Every structure is written in C-alpha cells, then in structure tokens.
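K.L.:
Take a look at this one; I'll ask things after.
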Amino acid sequence: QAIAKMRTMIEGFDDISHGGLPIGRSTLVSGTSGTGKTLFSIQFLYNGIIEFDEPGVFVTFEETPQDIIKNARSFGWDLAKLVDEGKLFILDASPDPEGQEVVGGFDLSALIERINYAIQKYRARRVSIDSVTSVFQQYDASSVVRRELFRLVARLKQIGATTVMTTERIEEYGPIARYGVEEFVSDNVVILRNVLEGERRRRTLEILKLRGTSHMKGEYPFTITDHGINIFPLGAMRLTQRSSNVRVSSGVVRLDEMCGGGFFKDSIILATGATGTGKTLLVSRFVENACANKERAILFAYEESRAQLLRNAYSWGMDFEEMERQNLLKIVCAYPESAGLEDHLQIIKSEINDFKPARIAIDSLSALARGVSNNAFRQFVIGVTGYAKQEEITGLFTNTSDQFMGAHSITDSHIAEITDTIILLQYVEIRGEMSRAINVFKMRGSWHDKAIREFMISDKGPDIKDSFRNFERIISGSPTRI
Amino acid sequence: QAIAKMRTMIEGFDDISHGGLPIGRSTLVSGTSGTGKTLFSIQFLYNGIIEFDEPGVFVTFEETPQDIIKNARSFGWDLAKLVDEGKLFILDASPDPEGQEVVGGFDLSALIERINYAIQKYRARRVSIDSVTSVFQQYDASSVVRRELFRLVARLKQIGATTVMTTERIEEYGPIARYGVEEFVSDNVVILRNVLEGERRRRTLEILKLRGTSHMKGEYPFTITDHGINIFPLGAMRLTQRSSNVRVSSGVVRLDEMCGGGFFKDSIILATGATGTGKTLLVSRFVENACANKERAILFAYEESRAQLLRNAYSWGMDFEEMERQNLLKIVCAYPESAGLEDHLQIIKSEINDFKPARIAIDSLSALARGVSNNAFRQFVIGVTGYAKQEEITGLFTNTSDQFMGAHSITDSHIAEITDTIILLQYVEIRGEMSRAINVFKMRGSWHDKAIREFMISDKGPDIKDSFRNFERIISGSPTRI
Amino acid sequence: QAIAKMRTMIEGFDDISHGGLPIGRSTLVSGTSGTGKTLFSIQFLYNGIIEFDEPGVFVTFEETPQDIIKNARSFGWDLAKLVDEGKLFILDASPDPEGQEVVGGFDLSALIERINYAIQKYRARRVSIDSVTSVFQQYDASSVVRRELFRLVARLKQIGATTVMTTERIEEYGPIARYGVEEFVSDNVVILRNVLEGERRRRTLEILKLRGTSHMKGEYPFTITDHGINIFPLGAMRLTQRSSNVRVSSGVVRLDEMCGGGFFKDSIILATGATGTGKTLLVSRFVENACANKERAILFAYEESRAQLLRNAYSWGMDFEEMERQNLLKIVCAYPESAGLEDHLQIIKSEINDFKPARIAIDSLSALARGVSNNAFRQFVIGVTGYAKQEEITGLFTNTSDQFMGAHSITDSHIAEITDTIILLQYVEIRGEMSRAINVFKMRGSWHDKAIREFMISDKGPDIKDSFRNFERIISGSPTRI
Ligand SMILES: Nc1ncnc2c1ncn2[C@@H]1O[C@H](COP(=O)(O)OP(=O)(O)OP(=O)(O)O)[C@@H](O)[C@H]1O
Ligand SMILES: Nc1ncnc2c1ncn2[C@@H]1O[C@H](COP(=O)(O)OP(=O)(O)OP(=O)(O)O)[C@@H](O)[C@H]1O
Ligand SMILES: Nc1ncnc2c1ncn2[C@@H]1O[C@H](COP(=O)(O)OP(=O)(O)OP(=O)(O)O)[C@@H](O)[C@H]1O
Ligand SMILES: Nc1ncnc2c1ncn2[C@@H]1O[C@H](COP(=O)(O)OP(=O)(O)O)[C@@H](O)[C@H]1O
Ligand SMILES: Nc1ncnc2c1ncn2[C@@H]1O[C@H](COP(=O)(O)OP(=O)(O)O)[C@@H](O)[C@H]1O
Ligand SMILES: Nc1ncnc2c1ncn2[C@@H]1O[C@H](COP(=O)(O)OP(=O)(O)O)[C@@H](O)[C@H]1O
Ligand SMILES: [Mg+2]
Ligand SMILES: [Mg+2]
Ligand SMILES: [Mg+2]
Ligand SMILES: [Mg+2]
Ligand SMILES: [Mg+2]
Ligand SMILES: [Mg+2]
C-alpha cells in the first residue's frame, strides 16, 4: 500500500509532515551551526522511548556521550536513565581527542556494522546520526560523497529502522549541504535555519521534500524552550470554532449599550486611536469587569510598568492590587525587545494554559510591531486571534494611531478584517479646544450604535455623552459647526 | 515535413509545449532537489501506457525499483501491474549499495546497449532517465560531459524512441546544469524550479527551448496533487466564451432593481467597500437566493468559520444549515495561509467540478492577497474569473477597503477592469453619526441606477433607501448638507 | 545536574549569556580585525583575578608579552603587577621574529602540555588563547583544522579550566571562521563585529550558540571605554520601576496649571513642534526651576554652544552662569557627529552617575536622529527613557517638526508612545500674521487642560493666554474665524 509515517511527537512538526517521518527510510536534517540540529535528533529518540516505548540508537562522532547526556538534561529529561534501562544506546564513533589516524572507506563499513549490531541488540526502531560529514570531511571529492552517503542510506534501509541523519551548511540560502550532492541522495530532506535579519535571529524549519508522499511546504517558524523544539505552523491552524450567543460586560455601561447589550464572550475586540485617547482605560475596565464577576483575566503589558499601571488604575478608581490578591488579575510586563515575536506568542499561550483566564487583553499591538516586519507582525496577530477564539477566551486588543487630532483612525496593519468588534477613538477640535470622540464602527454578531459621541475621562473612568449633532466633517479631526 | 510531437497527457504541459515533446528526440528536464523531476518522468511513461497503449522504459541509477513503485503508488496508480503486464520496464543501472567499483566510459556504452535491448524487447515508444549525472559524477571534466551526453543523446536518437532525460541543479537562477554544457548539447530543454521567496515555495515549469519548433515561453506555475503534476498556463486561457441574456436574483429586491432587473447569470460581480459595510450579507443573500430556487452554490470562506457564518446568517434570517441539509449550499472554510495561491485555484475548480454549482461566491479576495505579491494575486483572480465565465457560473467576489469612513472605495488591485458588475459600499457621516451608502457603479450588459442611496442592516437583511438629495461630497466620506 | 556558568564581570555580557560562560568548556570568540577580541580575552582574565581571586593563563602567539602589558595599561589596570604576584601568567608561544622554522602537528601537542603545566603551576581557573589560527595557518587543509581544533578543545576540557579561544574572520556577514569548520567544532560561539554602514562603524556582540544551555539571541551593540568593554543589552532592560505621586514645577505657572498641578517627578516629558516655537525656552525654564529649588540638573546641548545658550538664557531672564557657579546646572555640549549614538547613551549615563541630578533635559532628539537609522534612533531613545525612569530622574525631551506653520505636529519617530506627558507647540496664522499655540496633548497620571491656547515669548519667558474660542481648523495651521 502507501508509505506509512512515524510520529515524532514534536509539536507542530507532525502536522507539517502530515504524520511524521516515512518509516524504514532516512531523513536528512541540515542547517548552519547553532540551529539545534542535535536537539531534533535527541528529542526524536527521546519521545520514541517515552511515548511509544520504542528503543533507539544515537550515533555520535563529534561529541562525547557525557556531554550529550549533560546537554540533554537542560530540557528536563535524563537520557542516562534511559541508557541504564536499555532503552537508549549511544554509539561512540568519535575520533581520538589525543591524536587520530587517517582512515579510508572501510570506516563506513565498520560504522554500519556497529550500528546494525546496536539496532539488533536493543531492537531499536529509531536511529539518528549527529554528523554524516564526519566521514565525508576525510576527503574533498564530491563524487565520492554521493556514493558514500548512498551506501549509508541504502544500508540503513536494509535494516528497516527509521533514520534521522544530520548534515551541515555554511549559508542560510546557499546549498543544502557542503558538497552539493547530499540532498539528491537523501529521499527526505529537512532544513533548519537561524536567519539573521536586521539585528535579530529567526529560527525556521522546512521540509524540502519527501519522496513518495505529501507534506506542507515553506518555512515554518519555531522556538526552543525548556521542553525542546516547539514549532508554530500557522497554516495548519483551523477555522473550526465554537460560536456563542453569550454576552459579557466591558465595565462601561454606555459602551455596552452601544454594542447592543455588551460584547460577545467568544469575540475579539480591537480598540484603535491616537495615543492618549484612553485606550488603556478601556483595557483596565475590561479586565476589572472580569474580576468583578470573579472571572480570571490576564493583562499583557508592553508600554507601562506594573508600578505605573497600579498608579494609573488607582487614579481611575480601580484597585488592581486587590484583584491580584484574589488571584483574578495577572499582570505580565515585558518589553517587545525582550523576546522574539514568536516567543511572545508562546508566552501568551503559556500564561493562558496555566491560569485558565476567561478573558485576556493586550496593552499594545503596535508596540510589538515596532521591531518586526509587516509579515511577521500579521502572522503573530492571526495566531493569537485564532488561539484565543479556539479556546473561547474573550480578547481585547489595541492599536495606536499616529494622527494627532487627525482622526482618520485606520490601520496599515489591517487587523480589523479578522477581528469581530471595532471601537474607534479620536481627538477632535471643538470651539478652539481639544476633546475626544468614541464610535462603535462594527460588530459582526449584533446591532450597534452608529453615532459618533463625545467623551471625557474622569477619576471614575470613562464618561460618554451624546452625538455631535449639527456638526460636519468630524472624521477629519476638524469638525465644522452647522 | 515538419517536426511531429508526442502528447504527454499532462495537464497544461501539452498546451505550453504546443502538442507535447518532439518525436524521436530527447528532452532534458532539470531543476534543484525537490522539484519532482522524477514525477514528470513517471507520469510521462505512465500516461503513454494507459492512454496510447505505448510501452516504455524507465532507467534508474539512484533508486531501487521497489521504491520507484512504492513512491508512484501515492498518486493512485500501480506501476508494478504495468510491469507484470509487459508494458513498463525498469532498467536497473544503480550502483551497488554495499560497495561500488570505479568504472570508465565503457559504462555509457554498456548502458546504451541495455537500453536498446529493453526498448526493442518491449517495443518501447517512451524512454526516460532519472539522472544523467549518474555517469558524469564519475569525473570533473566538463569537456568530457559535453561529449558523454552527446553520445547518449545521439545514440537514443538512432533508436528513434522519444526520450526524457533528467539532470540537476544547485541554484534556481544559476546554470541550467552542473557542468554548464548539458543545456547546449540537448536540443530540448525544460527546467523545473521550487523557488523560495519570503517564507513560501512556488513551483514553476519552463521550456527553455525546442530546436526546430515552437512553444510558449516563460515560467508557468504548477502544483502537485494526488493525480500527479497539474500545470496552470494562464496565458493559454481563451476569451472564447458564451454570453447570455438570462437574469438571476441577488436575493435583494432593491438591488435587483438598481441592476435593471437582476444580475446576468454569466456575469462576475464585485462588491467593494470598508470592513463592516455588510459585504458578507450580500454574499449570504446571493447564495441563499440560489438555494431558494433550488440551485446549487458554493461559498468559499476565508475570514469566518462555519460556526460563525451560521450564527451571523441566523441573525439575518438565513437558515444556512437547512440549505446544507438539502445539498444546495456548501461551505468551504480555509485560511489563506493553509495553501498556496495556486492551490486555492485548484481547490475552487475541484469543488466546482464535483458539486456542479450554478453560482459561487468568494468571502474575501483581499484575504488571499494578504500573503502574496500583486502579480501572483492578479493572476489568481484572472484565472478564477476566466474559469467561472467559461463554465457559465454566476460569480460573486468581494474586496475590502481600508478607508474607515473615508469613502474613496477604489482598489489598488484593479479587478473591476475584468469584472462585469461593480457594487460599491461605503460609510458616511450624517448629522454627527455614521451610516452606510450603496451605489451600483457599473454593469456591462445593462442600464443601472446611478443614484447614491442610504442603507441599513436589520435582522431581515439589507434595507436600501432613497438617494442623498441635497447633499454634496458624499464620495469623500464626509457629505455636506445643502 | 545542569551546566554551571562562570561570570565574566563584563557589563551586559553576563546578562546576555544568562550567567557567563559554561564552566569546564571552551568558548570561541571570532570577528574581523579591529573588533577588540584581545580586549575581551584580557578583561576576562583580569576580572577573574581581581573579583573572584581566580588565577589565569593568557596564551600568546601574535604579540610579545611586553606589548600585551603595555596595551592593557590603557584601560586603567596593571597586568604586570598581577604577573609578579603570581596571579596572571602569560605563555609565550610566539614565532621567532628573526626567522622561524616550519613545524608539524607536534606543535599543538607541545603547546597543550605547556598550557597544562602553566595551569597547574598557577592553579589557573581561567584560560584564553589570542589566536587559534596561529597553528592552523601552517597549512591549507580545512579537514585538518577541524581535527586540530578538536584536539585542542578536548584537551583543555580534560583539564577542566574555563577557556576563551580567539579566532578571526575576513567578512562581517560571511563565514564565522577562516576554514568554515571551527564554529562546528566549538560548542560555544561568540562573534564580535565592527560593521561599516554609511560612513560609520558600529560594534556588536552576538552569542551564536551555547550547547546544553540558554542565552539571549541577536546582535547586542557595545562600545569600548577606558574601563574596557561595555555592552548595552537593551532587551535585558526591566519594566520594574517605582512610580510616584510627587509633583515638580516646570518653571512656568500656566503650564503647571494645564498639567493639573505640575509634572510628575518620575515622568518623562516630550515637547514637540516646529523650530522657533520656543522649545529651548521650556527646556531652559525646566532646568532653571530645578536650580531654583536647589536641585541638580543636566542639560545636554546639541544645536547651540554654551556661549549661545548663555546669551539666549539672559535674553529670557535666566542666569545660567550663576546656576553653574552653585554647581546646580551642568551644560554638556556636543555635536551628534562627535560620538556614536550608543556613546551618547554612555555619556548621558556617565554624567548622571557622576553628578546625581534630580532632572535632566535633552536639547534635541531630532539632532541625534540626523545621522542614524530609525532603528538605531528608537533604541537609543528607549534606552535613555528606561534608564531615567529606573533612576527616578525627571526627564524633558524635545522633537522638532519640519512643518512651517503646517501644524500637524506629529512624529515619524513615535516616541510619544513610550513617554508620559506630551506638550505640543505650533505656529498659526491669525489675521494675516503669525503667532504661536500651546496644547497639553496628554498626561498618563493626571487630568490635563484640553484647550488650545495662544502664547508669546518675552524677555520674562513664555506668556500663555486663553483658548482660541470661535476658531476652527487650528490643528491645520490655518484657522478660520467663525
Ligand atoms: N534551556 C534552553 N532554553 C532555551 N534554549 C536552549 C536551552 N538549552 C539549549 N538551548 C538552545 O538549544 C540550541 C541547540 O543546540 P544544537 O546542538 O542542537 O544546535 P546544532 O544545530 O545541532 O548545533 P551544532 O551545529 O553545534 O551541533 C543551543 O544552541 C541553545 O541555543
Ligand atoms: N500525494 C502527494 N500529494 C502531494 N505532493 C506529493 C504527493 N506525493 C508526493 N508529493 C510530492 O512530490 C514531490 C516529487 O518528488 P520527485 O522525486 O519527483 O522530485 P525530484 O525533483 O525528482 O526529487 P529528487 O531530486 O529527489 O529526485 C515530492 O518531493 C513531494 O513533495
Ligand atoms: N582607551 C581606549 N579608549 C577607547 N578605545 C580604546 C582604548 N584603548 C584601546 N581602544 C580600542 O580597543 C580596540 C581593541 O583592540 P583588540 O586587539 O582587542 O582588537 P582585536 O579584534 O583583538 O584586534 P586584533 O585583530 O588586532 O587583535 C583597539 O583597536 C582600539 O580601537
Ligand atoms: N484622573 C484623571 N482625570 C482625568 N483625566 C485623566 C485622569 N487620569 C488620566 N486621565 C486621562 O487619561 C489619558 C490617558 O489614557 P490612556 O488610556 O493611557 O491613553 P492611551 O490611548 O495611550 O492608552 C490622559 O491623556 C488623560 O487625558
Ligand atoms: N441583527 C443585526 N441587526 C443590525 N445590524 C446587524 C445585525 N447583525 C449584524 N449587523 C451589521 O452587520 C455588519 C457586518 O456586516 P458584514 O457583511 O459582516 O461586513 P463586511 O463588509 O466585513 O463583510 C455589522 O457591522 C453590523 O452593522
Ligand atoms: N527677548 C525676546 N523677546 C521675544 N521673543 C524672543 C526673545 N528672545 C527670543 N525670542 C523668541 O524665541 C524664539 C526661539 O525659541 P527656541 O526655544 O530657541 O525655539 P526652538 O523650538 O527651536 O528651540 C525666537 O524665534 C523668538 O520668537
Ligand atoms: Mg549538535
Ligand atoms: Mg497606552
Ligand atoms: Mg527523483
Ligand atoms: Mg467580512
Ligand atoms: Mg588582538
Ligand atoms: Mg532649538
């Protein structure tokens, strides 16, 4: 029949690969130094032993087994334990650090026989090699490498164990492997990258090909945590979601009225407008209302410290510290520069999975956009939006405009298109003095107030008034009286 | 007379090539690892045997016949069956995986004689080689490769069988082949690419040349499905279409009136405007009307999940689930990121060919533009537009504006130029409050209402009113009363 | 257990590295000529001896010990003293400057044994090598280098001392090391760069990898001072800050009133507007008020010399020279071109740490933006903003607009988003003549006056009037009377 696959149990990878790696065949994993190729290899064998009770063999040329164990330990697991139990075997084929003699092609034959023995001895199902170039570096000829890799691949295929071979690159977008032949010999090729753009590094995983089967294509970003490799295949995200007719309060009565009876629990709300329009007040009231009803909520802060958030909240009549004491409100403060954009996604998911909030709020999306491309930014927002909706978490987001009394409160980001409810705030010029205006622009699941209303901010929170009747051109930031 | 060609029966390819490959000559197919060169080769021989009852020979150097069969099976056909029947022959010229000796140029002579024998034995008409570099890699000299390929090409020409040779590249836009001679020796050259741009891969096929004959030029995108290679030569699409005078209802009476008695069945309708203007309502009513008249329709959703579409439809009085139960309405939900733009085209065609809809609708074209270049986007839209018109399927499309009460509802995409009927929606400022406006901008086949009218959205669907008499500058988003 | 690290006591480095270098392992430090690789090496051993009383070994191939001592002295410390005391040892393995014979691989074995001896003799904990290529340059083979470095790394690992090896590059964004193998052999890789962009050099440090542990990623800028290497890991900066409810006067009564009772002591104030709106007056009054209350303040001047600042201050009734005499006011004048942007940050911190000001003011941020990218500029501003708030220093900043009576006083820089209080100044056209207007746009911790007021400048300082009642479109720069 068709080719079967073996699950790696690596988050994201198994979805990108459509079920894991081809069984009874090798896969070649490449990349430049620092991409964590050896982490993939260890995590693969590790998960096999733990999850499927499948023994495996790790072949090492470049590292003493002592360091392999010591390094793996940083991810919360003990490989030495698995070795003692007869589940994991490490085949030491490293060169002598005190002086190593030159060898010929017999080295490959000797290697394979030792691997075969180890596989049979431990009935290994999963095998990996830290560096195939350990036996190619011995010579310059690329034609020889083609043949030598062919022999290694075909021989492990004879055995039938699933194999993960590791090779290496100099360039990110250059040749897949050093000799320019290896990627043609291998039937299954995966490349890891650690691309430097601007001043930042972004890790990605790609499956170049899998002969005889299917997979997702393109570069899929990933990070490395204390649990090992975590891949974020946004294209694998589903639109299968549970809708609701449940309403929740924003903490602001006139706003709830404008939204036709509050906001939907499963909706995503985006508040936009110029800095100083009180977006942080709407956020504070949102999380406060959740706490008022004994619901858990998380605020992700980027522009203001906790000490300042507490002060500003008190000036608006909100006791943030009390909400923390009751374990209802969490404050998560971090600079955009403290983590990669993909790490912010992981942080948000981690805090949510741990605290199990009913609602979350983001202090500023425009802050996160600060250090990234438009593509990186929109993918982040989509990922968060999807997750929050799939988890049925009420979400409140903000996006700051740079138009100082210029109205025209629109986004180059275009997040409103994927968001449910849009709240627009702006400054206006009235009788020679500045004021503020609020409008509910849209709401997918309901009727909403179309009026453009004046509002002010007091020590009791927001103060919403009636519409600007007999004015024109409010949307320009400079209304005319008529 | 003139050079005759042999049809490959590969979709798109035979149109690009103007009738297939030159008969009695070789064609050299190149490309980087992962381009599926071996798929073209197998599909070529396979179709010959099935469609024209033409036996063929597959020469393998890099892969065991067992894997060739096993891999081919993923595309829904059994090559082993064809081998047993004496239709397909695989010539195994692979190196010994357990140790291979060095050989000279006699290897090429021996190869050709075995190929000649196999061709005569099975009366093969179609022959292919998986890797010509299998006998070039043996040495570094490029001058030798020129001669060695010349010998192979000329010898197979003596036989008269049509040949598809495969070679390989390192770079996408670099040399056609490794030694920089092969593309001059071969008289017919085809290059496959798997170009990485941004984070995504895009497959293309190009015919570089065919000596003595004609072909289409440039890169033509393609994808790979469970049926093998599927090429999309948009430039080969025809303007020969059947026009009609049949009208269909949009589900909205006042809109049908503005269009002069409904929309034409063979027309393409584009609705544009800012988010929240109710474009999703017009789409829902469009497919609903088709179902009301017992016509099949497909909705392609990108921005909202099925669960949410059902909720929003119910809030507007439309029972989507009932229309699904009667097998009239289909909901196809996918993220733009879940597939390549060219795959979305294939998905749309597949669903249409299967369900045979009278009408289709696209939830958002701007969503599909999100992750692609302007060139990739416009080609997609043209391809869909052409197909839908050729198939006489009523089509409804949308394009979201980013102008929040800014009117000026125009597209940087310029899809209106190829579309028949244009509907414009916008937000306006009236008496200090927001409202909506609708206008039929054009309709190629009819008279239409030129008025700019106010409208609202209720639980019964759209509510269209009369024109904004005694107002000026409506089109700016900020009308003045006079 | 997990891998332990050794603190280098190098500012910034220990935070980027999450605790310093892995213990009992080597780290490879690379970079092009002029990156100061030898400074890192010396500073590392130096700090070990001084701070932790840890003896060390410096291995030299390229420089006579006499020059190593002489060069180190420029940073305020005497290595010769440490040698005499038996704390520091320099191993001289340099070639004979009067003629050097060719040697083989025995040179590496001899080297290591001498290093081992020196380590044991002085009980060294910290070891470093100035140039590993000193024994690789002897031959061209890259395969040999792989092995030779492996031997050196593994051998020093046997000893257990923490090692800092130095290698070299030709290109900034090219291969990590000359032979393209070294970065794979080493388990811990750090790269220094001195990147030339435009006409300026910018130094950065990056940790490419640390096997078995964690670190911050990406390029982190640094400078070199008379105290050695000083790294500025902005991403490691904290949002943990102490808020306050203390108010301070700006020196301008009507402005203090508009801000609701003065400005907060812990706040950052940004004044924006066209050139000539009197931003330098607000700055002068700010520092003057601090002095009036016997508080120390520093003015950082970029656009005007001290002599001119004194003249302009006297014309506005402010005796700057007297404030200097009392050691309350400091004037720091420098051109933006006189130092790197990162050096301006270091200068600001240095002057603050020395003088212990209650308040600081920046004459022009737009001046500093003049010669730098938007990314370099915003990181600078964030760094200063963070530092000033963490140190509880009242900060006043300015940003000049290029709109001559065009109002629209907005910033492409978007510094207002991270700043607390925003003051906007603009020119307006009134009755055929130019005038000025002032508005408090926002204040995070308080109520503020929303009015747009007229103002003038006299010899007594600023003169603020009442609001522009019965005017419209003030924000455009061209108000209309109505
Ligand atoms: N606890 C951790 N948390 C986060 N990142 C970690 C942690 N522990 C290790 N890392 C990261 O894991 C990376 C994986 O190293 P790995 O050896 O697998 O990369 P590699 O591509 O194989 O490198 P090499 O070419 O040297 O073999 C390390 O470089 C380090 O950046
Ligand atoms: N069922 C399938 N659906 C979609 N794609 C598939 C399916 N089965 C296989 N593929 C794709 O078909 C591609 C064709 O592989 P093929 O060997 O022809 O490429 P190639 O250029 O010849 O590769 P190579 O250089 O290794 O020989 C595979 O890499 C895989 O991405
Ligand atoms: N007092 C000082 N103040 C500022 N910079 C200084 C001072 N003294 C030295 N420098 C800088 O320190 C740099 C460090 O030189 P160093 O040898 O460490 O660089 P390097 O990368 O190792 O150079 P090389 O490749 O020659 O060995 C010098 O090039 C010089 O620019
Ligand atoms: N006690 C108060 N009384 C009146 N207005 C206040 C008070 N405290 C703060 N403000 C208002 O709050 C605004 C800050 O709102 P905020 O939500 O932080 O704006 P942003 O959109 O940037 O997030 C200030 O500009 C000021 O107008
Ligand atoms: N029951 C309702 N009654 C009144 N208005 C509604 C109702 N349900 C939804 N709406 C309106 O429908 C709008 C959404 O229209 P939609 O077609 O989804 O906009 P879009 O152009 O983005 O696709 C909301 O902004 C709201 O004005
Ligand atoms: N004695 C004075 N009397 C009146 N106006 C003065 C006097 N001295 C200077 N000015 C005003 O001060 C302005 C300069 O203000 P300044 O703070 O230097 O502007 P900038 O925003 O560039 O920093 C001059 O354009 C002038 O209008
Ligand atoms: Mg490794
Ligand atoms: Mg804010
Ligand atoms: Mg192939
Ligand atoms: Mg929509
Ligand atoms: Mg040096
Ligand atoms: Mg000035």
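Don't worry about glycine lacking a Cβ; one is built from the backbone with ideal geometry, like all the others, and counts go over all protein chains shown. Each answer follows from the model by the rule given with it, or from the source it names; no laboratory instrument gave them.
K.L.:
So residue B:456 clears everything in (1) in contact (Cβ under 8 Å) with a residue 40 or more places away in the chain; (2) in contact with an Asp or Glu (Cβ under 7 Å, 6 or more places away or on another chain); (3) among the hydrophobic types (A, V, I, L, M, F, W, C) except one condition, right? Which one?
P.N.:
(1)
K.L.:
Let me ask you something else. Say we look at the stretch A:7-19 and pick out the residues that are closer than 14 Å to residue A:48 by Cα and in contact with a helix residue (DSSP H, G or I) (Cβ under 8 Å, 6 or more places away or on another chain); which of these is farthest from the other protein chains (Cβ to nearest Cβ)?
P.N.:
A:9
K.L.:
All but one of (1) out of contact with any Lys or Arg (no Cβ under 8 Å at 6 or more places or on another chain); (2) in contact (Cβ under 8 Å) with a residue 40 or more places away in the chain hold for residue C:133; state the number of the condition that does not hold.
P.N.:
Going through the list (1) out of contact with any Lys or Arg (no Cβ under 8 Å at 6 or more places or on another chain); (2) in contact (Cβ under 8 Å) with a residue 40 or more places away in the chain, residue C:133 breaks only (1).
K.L.:
So in the stretch B:138-168, with the set limited to residues that are polar (S, T, N, Q) and within 14 Å of chain A (Cβ to nearest Cβ), which one is farthest from residue B:49 (Cα to Cα)?
P.N.:
B:142
K.L.:
Just checking, does the stretch B:35-49 include any residue being aliphatic (A, V, I, L, M), within 14 Å of chain A (Cβ to nearest Cβ) and within 20 Å of residue B:159 (Cβ to Cβ)?
P.N.:
The answer is no, given that none of the residues of the stretch B:35-49 is aliphatic (A, V, I, L, M), within 14 Å of chain A (Cβ to nearest Cβ) and within 20 Å of residue B:159 (Cβ to Cβ).
K.L.:
If you don't mind, there's one more thing I want to ask. I'm trying to understand the selection: among the residues of the stretch C:120-153, which are of a type in the set (A, V, I, L, M, F, W, C) and buried (at least 19 other Cβ atoms within 10 Å of the Cβ)?
P.N.:
Of everything in the stretch C:120-153, those that are of a type in the set (A, V, I, L, M, F, W, C) and buried (at least 19 other Cβ atoms within 10 Å of the Cβ) turn out to be C:124, C:127, C:129, C:132, C:135, C:136, C:145, C:149, C:150, C:152, C:153.
K.L.:
Ok, one more. Look through A:247, A:202, A:238, A:254 and report the one residue that is closer than 30 Å to residue A:403 by Cβ and either within 16 Å of ligand 6 (Cβ to nearest atom) or among the basic types (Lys, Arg) (or both).
P.N.:
A:254
K.L.:
Yes or no: residue A:310 in the same structural domain as residue A:461 (by CATH) and free of Cβ contacts under 8 Å to residues at least 12 places away in the same chain?
P.N.:
So residue A:310 passes the test.
Table: residues versus (1) buried (at least 18 other Cβ atoms within 10 Å of the Cβ); (2) in a loop (DSSP other than H, G, I, E, B); (3) of a type in the set (D, E, K, R).
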{"residue": "C:9", "(1), (2), (3)": "no, yes, no"}
{"residue": "C:27", "(1), (2), (3)": "yes, no, no"}
{"residue": "C:38", "(1), (2), (3)": "yes, no, no"}
{"residue": "C:41", "(1), (2), (3)": "yes, no, no"}
{"residue": "C:44", "(1), (2), (3)": "yes, no, no"}
{"residue": "C:48", "(1), (2), (3)": "yes, no, no"}
{"residue": "C:57", "(1), (2), (3)": "yes, no, no"}
{"residue": "C:67", "(1), (2), (3)": "no, no, yes"}
{"residue": "C:72", "(1), (2), (3)": "yes, no, no"}
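K.L.:
Which count do you get for residues in the stretch C:460-469 that are more than 7 Å from every other protein chain (Cβ to nearest Cβ) and touching a residue at least 12 places away in the same chain (Cβ under 8 Å)?
P.N.:
Of the residues in the stretch C:460-469, 6 are more than 7 Å from every other protein chain (Cβ to nearest Cβ) and touching a residue at least 12 places away in the same chain (Cβ under 8 Å).
K.L.:
So, one more: Please find, among B:225, B:163, B:240, the residue that is among the hydroxyl-bearing types (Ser, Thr, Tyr) and in contact with a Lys or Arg (Cβ under 9 Å, 6 or more places away or on another chain).
P.N.:
None of the other options fit; the residue is B:163.
K.L.:
For the stretch C:33-69, enumerate the residues that are under 16 Å from residue C:208 (Cα atoms) and away from ligand 11 (no atom under 11 Å from the Cβ).
P.N.:
none
K.L.:
Please specify each residue of the stretch C:343-382 satisfying the condition of being surrounded by fewer than 16 Cβ atoms within 10 Å (Cβ to Cβ), within 14 Å of another protein chain (Cβ to nearest Cβ) and either among the basic types (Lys, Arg) or within 15 Å of the chain's Cα centre (by Cα) (or both).
P.N.:
Result: C:375, single match.
K.L.:
While we're here: With respect to residue C:158, is the statement that it is surrounded by fewer than 21 Cβ atoms within 10 Å (Cβ to Cβ) and either within 14 Å of ligand 3 (Cβ to nearest atom) or not in a helix (DSSP H, G or I) (or both) true?
P.N.:
no
K.L.:
Limited to the stretch A:169-183, what total is found for residues that are in contact (Cβ under 8 Å) with a residue 24 or more places away in the chain, surrounded by fewer than 22 Cβ atoms within 10 Å (Cβ to Cβ) and within 7 Å of another protein chain (Cβ to nearest Cβ)?
P.N.:
Number of matching residues: 2.
K.L.:
List the number of the failed condition for residue A:109; all other conditions in (1) within 29 Å of residue C:24 (Cα to Cα); (2) more than 16 Å from ligand 1 (Cβ to nearest atom) hold.
P.N.:
Failing condition for residue A:109: (1).
K.L.:
Do we have any residue at all in the stretch B:383-402 that's over 22 Å from residue A:414 (Cα atoms), within 14 Å of chain A (Cβ to nearest Cβ) and part of a loop (DSSP other than H, G, I, E, B)?
P.N.:
The answer is no; no qualifying residue exists.
K.L.:
On to the next question. Going residue by residue through the stretch C:97-113, is there one that turns out to be under 30 Å from residue A:141 (Cβ atoms), assigned to a loop (DSSP other than H, G, I, E, B), more than 14 Å from chain A (Cβ to nearest Cβ) and under 38 Å from the mean Cα position of the chain (by Cα)?
P.N.:
Checked the stretch C:97-113: no residue is under 30 Å from residue A:141 (Cβ atoms), assigned to a loop (DSSP other than H, G, I, E, B), more than 14 Å from chain A (Cβ to nearest Cβ) and under 38 Å from the mean Cα position of the chain (by Cα).
K.L.:
Are there any strands (runs of 3 or more DSSP E) wholly within the stretch C:262-342 with 2 or more residues that are away from ligand 12 (no atom under 12 Å from the Cβ) and away from chain A (no Cβ under 14 Å), and if so which?
P.N.:
Of the strands (runs of 3 or more DSSP E) lying wholly inside the stretch C:262-342, those with at least 2 residues that are away from ligand 12 (no atom under 12 Å from the Cβ) and away from chain A (no Cβ under 14 Å) span C:297-301, C:329-333.
K.L.:
Here's another thing I want to ask about it. When the stretch A:420-439 is examined, which residues are found to be more than 9 Å from chain B (Cβ to nearest Cβ) and under 26 Å from the mean Cα position of the chain (by Cα)?
P.N.:
Result: A:421, single match.
K.L.:
Then there is this: For residue C:407, state whether it is part of a loop (DSSP other than H, G, I, E, B), crowded, with 21+ Cβ neighbours inside 10 Å, assigned by CATH to the domain that holds residue C:471 and of a type in the set (A, V, I, L, M, F, W, C).
P.N.:
yes
Conditions (1) part of a strand (DSSP E or B); (2) surrounded by fewer than 20 Cβ atoms within 10 Å (Cβ to Cβ), marked per residue:
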position: B:423; (1), (2): yes, no
position: B:428; (1), (2): yes, no
position: B:438; (1), (2): yes, no
position: B:451; (1), (2): no, yes
position: B:458; (1), (2): yes, yes
position: B:463; (1), (2): yes, yes
position: B:475; (1), (2): no, yes
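K.L.:
For the stretch A:225-253, how many residues meet the condition of being buried (at least 17 other Cβ atoms within 10 Å of the Cβ) and under 24 Å from the mean Cα position of the chain (by Cα)?
P.N.:
Matching residues across the stretch A:225-253 total 12.
K.L.:
Next question. Just checking, how many residues over the stretch A:440-449 are touching a residue at least 60 places away in the same chain (Cβ under 8 Å) and either more than 7 Å from chain B (Cβ to nearest Cβ) or assigned to a strand (DSSP E or B) (or both)?
P.N.:
Final tally of qualifying residues: 6.
K.L.:
Then there's this: Can you tell me which residue within the stretch C:233-261, out of those that are more than 14 Å from chain A (Cβ to nearest Cβ) and touching a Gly at 6+ places or on another chain (Cβ under 6 Å), is farthest from ligand 8 (Cβ to nearest atom)?
P.N.:
So the residue we want is C:249.
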